[PDB]
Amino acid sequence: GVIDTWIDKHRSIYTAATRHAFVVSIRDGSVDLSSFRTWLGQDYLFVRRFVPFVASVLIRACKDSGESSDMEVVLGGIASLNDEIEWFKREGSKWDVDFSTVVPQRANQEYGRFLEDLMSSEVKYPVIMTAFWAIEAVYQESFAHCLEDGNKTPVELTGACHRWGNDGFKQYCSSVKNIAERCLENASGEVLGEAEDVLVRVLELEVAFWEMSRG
């Protein structure tokens, strides 16, 4: 399909944009949580920005109707964000990470602004859904196999891998993909073009975000 054609056409930054969100390591014989804590912090401030973004996509699916179930595909996504956002607060506390004292970095402050460029009524629904999809898919792709490759490393940190690696999120990202795919399948030269620039564009930010915490 239209999307796989694009990912397989762009497997490139996609792969770059789809490498493990945080690694874990060993130094002076102590588990090193350097990337993990960097990722937790930066990913929490974005998630706070991602929330109203999706809000604006929910409002659009309700008025840029194609199917009745679209809003529920989106409504659930946003729904887990309540628990996901709650999960970030528990982690902040058990890992001694102070969110009020996190400094949003360039590749993050920037994502704050881009999501904003999607909140405007001027952007076409198919473009917006493509972004909302890609953003899911990348974290799903970044977190697949994790559990399994989790027992192939010294000390595994598993709390995240469970949140974005479970079978419920895989099929959620999927109900979301089913929509995107149905929309792009009608977009006229103007809008489609606008979309692919966006798929490849979500990957660019995921890559420059992923570098903040590299290990």
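All residue numbers are counted from 1 along the displayed sequence.
Colleague: Of 24-32 and 57-65, which one has the bigger average CA B-factor?
Modeller: On average, C-alpha B-factors are higher across 57-65.
Colleague: Quick check: 204-212 versus 3-11, which has the larger average CA B-factor in the record?
Modeller: Result of the comparison: 3-11.
Colleague: According to the deposited entry, which of 155, 184, 47, 40 has the largest Cα B-factor?
Modeller: Within the set 155, 184, 47, 40, 184 shows the top C-alpha B-factor.
Colleague: So where's residue 150 on the chain's Cα temperature factor ranking, which third?
Modeller: Its C-alpha B-factor belongs to the highest third of this chain's values.
Colleague: If you rank every modelled residue in this chain by C-alpha B factor, which third holds residue 108: lowest, middle or highest?
Modeller: CA B-factor rank for residue 108: lowest third.
Colleague: In terms of the chain's CA B-factor thirds, is residue 180 lowest, middle or highest?
Modeller: Within its chain, residue 180 is a highest-third residue by C-alpha B-factor, going by the deposited values.
Colleague: Going by the CA temperature factor in the PDB record, which third of the chain does residue 189 belong to: lowest, middle or highest?
Modeller: For residue 189, whose C-alpha B-factor we compare with every modelled residue in the chain, the answer is the highest third.
Colleague: Divide the modelled residues of the chain into thirds by Cα B-factor and specify which third, lowest, middle or highest, holds residue 73.
Modeller: Lowest third, going by the recorded CA B-factors of the chain.
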